[PDB]
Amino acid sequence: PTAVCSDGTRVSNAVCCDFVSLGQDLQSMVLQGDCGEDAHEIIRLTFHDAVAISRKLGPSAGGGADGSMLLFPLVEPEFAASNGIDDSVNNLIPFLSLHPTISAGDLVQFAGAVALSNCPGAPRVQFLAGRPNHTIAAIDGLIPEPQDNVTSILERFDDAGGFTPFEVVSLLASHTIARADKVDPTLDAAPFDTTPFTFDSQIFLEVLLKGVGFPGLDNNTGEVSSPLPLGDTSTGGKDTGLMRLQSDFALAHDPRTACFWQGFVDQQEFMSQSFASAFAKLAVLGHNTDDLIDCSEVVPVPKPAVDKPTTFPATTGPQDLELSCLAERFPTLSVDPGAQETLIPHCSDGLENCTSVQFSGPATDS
């Protein structure tokens, strides 16, 4: 039955009210209302937690969205595929004792939902609560890596939870606010698109441009040529150049996924709604939704989509595109004016000096 929360929010179940203070503490203590470094890592973690599950291997291989990353921080976060996930894990662990009525599985997914709401253009995702507070650590090998090919990627997602190629491409819209710290051992926070603090479709457009060089080394596993490789890192700046993942390039050109990939270019609402549907399905892996309760009302209303249309970054244009999709014409778009590449800002405020919250904790990396 209904209750109103202490903030005035009408909920279908007063148990949802516990998440209100959790949301406030996640913002005040870690996310700081920003679509920044900490938010991005927490969103990455929702995926690393959820995807470790296998229909063909059965329940013993992993329980999916179960908080296994937080409850066993000495196991999965140190598997090679999750190198660097320690940051988000360590940031979330303290919230387990601060909010003891909330399971680790609920914590991970609610944190992801709140983090998403900080990103302009992101959908207000569904949030179901009631994941059990106990599980065991998943086995290794369940998380896709950027060097994997499309067949492998699609098989893993289908084996994890019956995801279609469309849902896989939809989930990868998340790379619109994604950067890499471990892919290149010489680079920190190399962004996958020119707007890593904006949930827009630039990622879909920019992976389709011809690659011209690298932001760092030229032979990292899982990385391919980038269309906008230059930054100011060679002179001590923090604006790293753009990085392209092999897996994103492969999804953009494979016959099973290429039309879905291009279909999101300049389609803000279609992209954000598609990501939301596939993400809601990701968030309840390992669970029957019948055993969960709907607490979507306590997910914050997200920052609205930006005014800016989808455009070619400075120095690029349609003549630079490598197209693979015959079913739909690539749209006519404007080109950002400028004779040289525009540095991609290290921080959502346009500067380079922002800092992020990092709690110390048991999870580690290399």
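For every residue, the number given is its place in the sequence shown, counted from 1.
Engineer: Higher mean Cα B-factor in the deposited model: 355-363 or 3-11?
Structural biologist: Higher mean C-alpha B-factor: 3-11.
Engineer: So 224-232 or 117-125, which one's hotter by mean CA B-factor in the entry?
Structural biologist: Per the PDB entry, the higher value belongs to 224-232.
Engineer: Just grab whichever of 173, 276, 292, 251 has the top CA B-factor as deposited.
Structural biologist: Answer, based on the entry's C-alpha B-factors: 292.
Engineer: Between 58, 300, 33, 67, which carries the biggest CA temperature factor in the record?
Structural biologist: Going by the entry's C-alpha B-factors, 58 comes out highest.
Engineer: Per the entry's values, where does residue 147 land by CA temperature factor relative to the rest of its chain, in the lowest, middle or highest third?
Structural biologist: Middle third - that is where residue 147 ends up once the chain's C-alpha B-factors are sorted.
Engineer: Relative to the other modelled residues of the same chain, rank the CA B-factor of residue 196 and answer lowest, middle or highest third.
Structural biologist: As the PDB entry reports it, the C-alpha B-factor of residue 196 lands in the lowest third of its chain.
Engineer: Looking at the temperature factor on the CA atom of residue 186, which third of the chain's modelled residues does it land in?
Structural biologist: According to the entry, residue 186 has a C-alpha B-factor in the chain's highest third.
Engineer: Taking the entry's C-alpha B-factors for this chain, is residue 285 in the lowest, middle or highest third?
Structural biologist: Residue 285: CA B-factor falls in the middle third of its chain.
Engineer: Based on the deposited C-alpha B factors for this chain, I'd like to know if residue 217 is in the lowest, middle or highest third.
Structural biologist: Residue 217: CA B-factor falls in the highest third of its chain.
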